[PDB]
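Since the structure comes first, as structure tokens, the remarks are kept for the end.
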Amino acid sequence: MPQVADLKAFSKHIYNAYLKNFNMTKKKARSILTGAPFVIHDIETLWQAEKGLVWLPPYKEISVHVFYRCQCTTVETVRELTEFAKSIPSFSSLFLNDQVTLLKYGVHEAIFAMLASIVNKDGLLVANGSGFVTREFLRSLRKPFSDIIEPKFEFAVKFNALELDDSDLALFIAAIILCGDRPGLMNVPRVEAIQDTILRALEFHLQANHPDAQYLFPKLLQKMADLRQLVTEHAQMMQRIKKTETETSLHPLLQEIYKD
Amino acid sequence: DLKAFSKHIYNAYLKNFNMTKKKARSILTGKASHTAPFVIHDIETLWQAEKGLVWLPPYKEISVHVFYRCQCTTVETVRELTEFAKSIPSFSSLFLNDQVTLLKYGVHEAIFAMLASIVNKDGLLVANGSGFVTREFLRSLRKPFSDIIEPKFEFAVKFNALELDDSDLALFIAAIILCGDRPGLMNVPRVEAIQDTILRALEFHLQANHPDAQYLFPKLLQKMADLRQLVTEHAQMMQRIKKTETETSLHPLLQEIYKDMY
Ligand SMILES: CC[C@@H](Cc1ccc(OC)c(CNC(=O)c2ccc(C(F)(F)F)cc2F)c1)C(=O)O
Ligand SMILES: CC[C@@H](Cc1ccc(OC)c(CNC(=O)c2ccc(C(F)(F)F)cc2F)c1)C(=O)O
Ligand SMILES: CCCCCCCO[C@@H]1O[C@H](CO)[C@@H](O)[C@H](O)[C@H]1O
Ligand SMILES: CCCCCCCO[C@@H]1O[C@H](CO)[C@@H](O)[C@H](O)[C@H]1O
């Protein structure tokens, strides 16, 4: 079976792309969270985490400081997501502008998907896994900043119940980046064709890697839809931070992604 | 290090551009190492080149057919320029969005600077130098399209009077692409810093490669200024074509480059 033959190799390639670009894989992340990273749960422990136990604009307050490290995390992941996508021959063949349009509208989606990897019901891993910030502490932050937090956890725990691994994730992230309906795409048919190849690869892969999971594939299609929505609710809160939190900075890259 | 810099840009140029000025100049003069290009100066010759000899939208008229080939040439050049710019380690470290902005406001400046390499007072080479389209025939074209051509020639001949070789050109085009004052540049200081390195490289390279060239460095900076003016007018001429020549297509990539240019 040619089609099934190509796809399996095309899926392995993407996997190798994911493996050499992301500093944090679920394999690595899931081991740390089970069986030790310094637990951050208050101001005192965070300060400790900054001084050495684990680890930006001038300090301002606690909630704004966490928001900044959240921004940085995005700036770093966006680089990795850039190298990931470039490592797909099909992607880098498109003119640079379409590549930008894809990354711009898809990185946050890919981010919250991958965020589920370093997350469990009680908190998330930080600083290459050396730290673990508690969800309860994250909630305790100031209302404007603590709102962008909780939705990510609700999505993450429900997502982790699907029990996907890095090989599935690589394909998943690839399918999110290569999306045909992004605003202003120049070569839609070319991008659409690629997304279809990635999905067919994911489909076969899921049958091989998860032979007993009932409707995993359509479920993952729904999660892609769930992510597009999660990004929207997030972008809205990000819009509220820019309006009401006038004293707090916004990294230039995030500024360019959220621009209309 | 600064030399290692120029050498890397030179190997990047030679590796990403099939048609270099050396090869271009070899054919344009007469060297044995090459075949003779077919001369296209009318409809019969062009049609002759289209079939075999030398070598899209349905053929409507000659002026529009050529315009289209000019559009394609630009598109493939833009592919080569992306690969070139990318081959500069420092450039690729910039966020993609900034790489696009740089390429958007720079590709045409680069293109009209390299047009000089394959151009002469009587015409220009086409299809890998296997054809030579006459300047005359280009002027013969129906008014609107005959206009976006002559200026390129006017500039090219003059630019060719500075007798630059591919080694100069490698750094020259690099200096164009990494222009720190492009509209919407996210990380300006970084692009301005990389630009400075490139120019110091150019200045340093022109002393060795051109021991007698009086004021060459400042002359080229003026050319870079000249090139920006040439694109502004070029863009203006195109947006006009898009309005009045409502039936003539415009490649989506060109539509996106010109869109915000005024
Ligand atoms: C506004 C930042 C992000 C979105 C976002 C939204 C939620 C979220 O996590 C729940 C993270 C990722 N955050 C982190 O990786 C992170 C990193 C460090 C710390 C802390 F506390 F240690 F400082 C807390 C964190 F949530 C990112 C963006 O909009 O680009
Ligand atoms: C308008 C299309 C170009 C601009 C432009 C302006 C001038 C010019 O050359 C003088 C070329 C490049 N043209 C070609 O490479 C070219 C290619 C094929 C033919 C021909 F004659 F064979 F049809 C004629 C040509 F000038 C391109 C663009 O805006 O990107
Ligand atoms: C290497 C050649 C690159 C050519 C790039 C042309 C880019 O055009 C710009 O693409 C942006 C999205 O990426 C749009 O938001 C801008 O409105 C548009 O003007
Ligand atoms: C790999 C990460 C890429 C992040 C890209 C963020 C891109 O923002 C967009 O950059 C375009 C120029 O490139 C501008 O024309 C658009 O107005 C701007 O919204």
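Numbering starts fresh at 1 for the residues of each chain in the structure tokens, the chains themselves are lettered A, B, ... in the order given, and ligands are numbered from 1 as they appear.
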
Output as JSON lines one row per residue of chain A within 8 Å of ligand 1: the closest atom pair and its distance in Å to one decimal place, counting only C-alpha atoms and all ligand atoms, sorted by chain and residue number ascending.
{"residue": "A:40", "atom": "CA", "partner": "ligand 1", "partner_atom_place_in_ligand_line": "22 (F)", "distance": 7.1}
{"residue": "A:46", "atom": "CA", "partner": "ligand 1", "partner_atom_place_in_ligand_line": "22 (F)", "distance": 6.9}
{"residue": "A:49", "atom": "CA", "partner": "ligand 1", "partner_atom_place_in_ligand_line": "22 (F)", "distance": 7.9}
{"residue": "A:65", "atom": "CA", "partner": "ligand 1", "partner_atom_place_in_ligand_line": "23 (F)", "distance": 6.8}
{"residue": "A:66", "atom": "CA", "partner": "ligand 1", "partner_atom_place_in_ligand_line": "23 (F)", "distance": 4.2}
{"residue": "A:67", "atom": "CA", "partner": "ligand 1", "partner_atom_place_in_ligand_line": "1 (C)", "distance": 5.9}
{"residue": "A:68", "atom": "CA", "partner": "ligand 1", "partner_atom_place_in_ligand_line": "2 (C)", "distance": 7.3}
{"residue": "A:69", "atom": "CA", "partner": "ligand 1", "partner_atom_place_in_ligand_line": "18 (C)", "distance": 4.8}
{"residue": "A:70", "atom": "CA", "partner": "ligand 1", "partner_atom_place_in_ligand_line": "13 (N)", "distance": 4.0}
{"residue": "A:71", "atom": "CA", "partner": "ligand 1", "partner_atom_place_in_ligand_line": "2 (C)", "distance": 4.2}
{"residue": "A:72", "atom": "CA", "partner": "ligand 1", "partner_atom_place_in_ligand_line": "2 (C)", "distance": 7.6}
{"residue": "A:73", "atom": "CA", "partner": "ligand 1", "partner_atom_place_in_ligand_line": "15 (O)", "distance": 5.1}
{"residue": "A:74", "atom": "CA", "partner": "ligand 1", "partner_atom_place_in_ligand_line": "30 (O)", "distance": 4.9}
{"residue": "A:75", "atom": "CA", "partner": "ligand 1", "partner_atom_place_in_ligand_line": "30 (O)", "distance": 7.4}
{"residue": "A:108", "atom": "CA", "partner": "ligand 1", "partner_atom_place_in_ligand_line": "30 (O)", "distance": 6.6}
{"residue": "A:111", "atom": "CA", "partner": "ligand 1", "partner_atom_place_in_ligand_line": "27 (C)", "distance": 7.7}
{"residue": "A:112", "atom": "CA", "partner": "ligand 1", "partner_atom_place_in_ligand_line": "5 (C)", "distance": 7.5}
{"residue": "A:115", "atom": "CA", "partner": "ligand 1", "partner_atom_place_in_ligand_line": "12 (C)", "distance": 6.9}
{"residue": "A:124", "atom": "CA", "partner": "ligand 1", "partner_atom_place_in_ligand_line": "26 (F)", "distance": 7.0}
{"residue": "A:125", "atom": "CA", "partner": "ligand 1", "partner_atom_place_in_ligand_line": "15 (O)", "distance": 7.5}
{"residue": "A:126", "atom": "CA", "partner": "ligand 1", "partner_atom_place_in_ligand_line": "18 (C)", "distance": 5.5}
{"residue": "A:127", "atom": "CA", "partner": "ligand 1", "partner_atom_place_in_ligand_line": "18 (C)", "distance": 7.3}
{"residue": "A:131", "atom": "CA", "partner": "ligand 1", "partner_atom_place_in_ligand_line": "22 (F)", "distance": 7.4}
{"residue": "A:132", "atom": "CA", "partner": "ligand 1", "partner_atom_place_in_ligand_line": "22 (F)", "distance": 7.4}
{"residue": "A:133", "atom": "CA", "partner": "ligand 1", "partner_atom_place_in_ligand_line": "21 (F)", "distance": 5.5}
{"residue": "A:138", "atom": "CA", "partner": "ligand 1", "partner_atom_place_in_ligand_line": "21 (F)", "distance": 7.1}
{"residue": "A:148", "atom": "CA", "partner": "ligand 1", "partner_atom_place_in_ligand_line": "6 (C)", "distance": 5.6}
{"residue": "A:149", "atom": "CA", "partner": "ligand 1", "partner_atom_place_in_ligand_line": "10 (C)", "distance": 4.6}
{"residue": "A:150", "atom": "CA", "partner": "ligand 1", "partner_atom_place_in_ligand_line": "10 (C)", "distance": 7.0}
{"residue": "A:152", "atom": "CA", "partner": "ligand 1", "partner_atom_place_in_ligand_line": "10 (C)", "distance": 5.7}
{"residue": "A:153", "atom": "CA", "partner": "ligand 1", "partner_atom_place_in_ligand_line": "10 (C)", "distance": 6.8}
{"residue": "A:234", "atom": "CA", "partner": "ligand 1", "partner_atom_place_in_ligand_line": "29 (O)", "distance": 7.0}
{"residue": "A:235", "atom": "CA", "partner": "ligand 1", "partner_atom_place_in_ligand_line": "29 (O)", "distance": 7.2}
{"residue": "A:238", "atom": "CA", "partner": "ligand 1", "partner_atom_place_in_ligand_line": "29 (O)", "distance": 6.6}
{"residue": "A:254", "atom": "CA", "partner": "ligand 1", "partner_atom_place_in_ligand_line": "30 (O)", "distance": 5.9}

Output of the above residues as a PDB file, in the first residue's frame, restricted to C-alpha atoms:
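Result saved to part.pdb:
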ATOM      1  CA  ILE A  40       6.580  27.206  43.665  1.00  0.00           C
ATOM      2  CA  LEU A  46       9.089  31.980  43.585  1.00  0.00           C
ATOM      3  CA  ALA A  49      13.221  29.863  42.380  1.00  0.00           C
ATOM      4  CA  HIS A  65       6.036  38.909  37.005  1.00  0.00           C
ATOM      5  CA  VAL A  66       4.322  35.580  36.338  1.00  0.00           C
ATOM      6  CA  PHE A  67       2.643  37.078  33.279  1.00  0.00           C
ATOM      7  CA  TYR A  68       6.087  38.048  31.949  1.00  0.00           C
ATOM      8  CA  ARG A  69       7.521  34.563  32.369  1.00  0.00           C
ATOM      9  CA  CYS A  70       4.425  33.313  30.554  1.00  0.00           C
ATOM     10  CA  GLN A  71       5.224  35.671  27.696  1.00  0.00           C
ATOM     11  CA  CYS A  72       8.819  34.489  27.544  1.00  0.00           C
ATOM     12  CA  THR A  73       7.700  30.881  27.478  1.00  0.00           C
ATOM     13  CA  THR A  74       5.698  31.790  24.358  1.00  0.00           C
ATOM     14  CA  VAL A  75       8.630  33.603  22.695  1.00  0.00           C
ATOM     15  CA  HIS A 108      -0.946  29.673  20.345  1.00  0.00           C
ATOM     16  CA  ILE A 111       1.195  26.012  22.500  1.00  0.00           C
ATOM     17  CA  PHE A 112      -1.856  25.087  24.563  1.00  0.00           C
ATOM     18  CA  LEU A 115       1.193  22.897  27.428  1.00  0.00           C
ATOM     19  CA  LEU A 124       2.829  22.855  35.640  1.00  0.00           C
ATOM     20  CA  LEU A 125       6.540  22.259  35.108  1.00  0.00           C
ATOM     21  CA  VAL A 126       8.793  25.271  34.595  1.00  0.00           C
ATOM     22  CA  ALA A 127      12.406  26.046  33.812  1.00  0.00           C
ATOM     23  CA  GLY A 131      10.487  23.738  38.787  1.00  0.00           C
ATOM     24  CA  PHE A 132       6.794  23.054  39.325  1.00  0.00           C
ATOM     25  CA  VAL A 133       4.401  25.968  39.710  1.00  0.00           C
ATOM     26  CA  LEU A 138      -1.544  30.564  39.689  1.00  0.00           C
ATOM     27  CA  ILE A 148      -5.784  33.548  31.204  1.00  0.00           C
ATOM     28  CA  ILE A 149      -4.625  30.735  33.497  1.00  0.00           C
ATOM     29  CA  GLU A 150      -7.491  28.406  34.457  1.00  0.00           C
ATOM     30  CA  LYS A 152      -5.573  26.233  29.972  1.00  0.00           C
ATOM     31  CA  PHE A 153      -5.755  23.745  32.845  1.00  0.00           C
ATOM     32  CA  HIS A 234      -7.463  33.840  25.434  1.00  0.00           C
ATOM     33  CA  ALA A 235      -6.910  36.511  22.801  1.00  0.00           C
ATOM     34  CA  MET A 238      -5.090  39.376  26.279  1.00  0.00           C
ATOM     35  CA  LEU A 254       2.992  38.689  21.038  1.00  0.00           C
TER      36      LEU A 254
END

Step by step, measure atom-to-atom distances between ligand 2 and each residue using only C-alpha atoms and all ligand atoms, keep those at most 6 Å, then write them as an NGL selection string.
:B and (66-67 or 69-71 or 73-74 or 126 or 133 or 148-149 or 152)

Please return, as a PyMOL selection string, all residues of segment 99-184 of chain A that DSSP assigns to alpha helix (DSSP H) on the basis of the backbone.
chain A and resi 99-115+135-139+143-146+150-160+166-177

With 6 Å as the cut-off and only C-alpha atoms and all ligand atoms counted, what is the closest atom pair between each nearby residue of chain B and ligand 4? Distances in Å to one decimal, ordered by chain and number, as a tab-separated table.
residue	atom	partner	partner_atom_place_in_ligand_line	distance
B:95	CA	ligand 4	1 (C)	5.7
B:96	CA	ligand 4	1 (C)	4.7
B:97	CA	ligand 4	13 (O)	3.5
B:98	CA	ligand 4	13 (O)	5.6
B:100	CA	ligand 4	13 (O)	4.8
B:101	CA	ligand 4	13 (O)	4.9

Filtering to C-alpha atoms, could you give me those residues as a compact mmCIF listing (two decimals), in the first residue's frame?
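Resulting contents of part_15.txt:
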# COMPACT_ATOMS: atom_id res chain seq x y z
CA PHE B 95 11.82 35.95 13.84
CA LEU B 96 10.17 34.87 10.59
CA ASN B 97 7.86 37.89 10.54
CA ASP B 98 10.88 40.20 10.42
CA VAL B 100 9.35 38.58 5.65
CA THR B 101 9.22 42.33 6.19

Show which residues sit within 9 Å of residue 56 of chain B, as number ranges by chain. Count only C-alpha atoms, and ignore same-chain residues fewer than 4 positions away.
B: 65, 68-69, 72

Same residues, N, CA, C and O atoms, saved as a tab-separated table (two decimals), in the first residue's frame:
chain	number	residue	atom	x	y	z
B	65	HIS	N	1.85	39.29	-22.51
B	65	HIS	CA	2.56	38.03	-22.37
B	65	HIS	C	3.92	38.27	-21.71
B	65	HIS	O	4.31	37.55	-20.80
B	68	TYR	N	3.84	39.19	-18.06
B	68	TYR	CA	3.69	37.97	-17.29
B	68	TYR	C	5.03	37.28	-17.08
B	68	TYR	O	5.35	36.87	-15.96
B	69	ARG	N	5.83	37.18	-18.14
B	69	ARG	CA	7.14	36.55	-17.99
B	69	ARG	C	8.02	37.34	-17.02
B	69	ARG	O	8.83	36.75	-16.30
B	72	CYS	N	6.94	36.28	-13.56
B	72	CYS	CA	7.47	34.98	-13.19
B	72	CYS	C	8.93	35.07	-12.79
B	72	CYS	O	9.35	34.50	-11.78
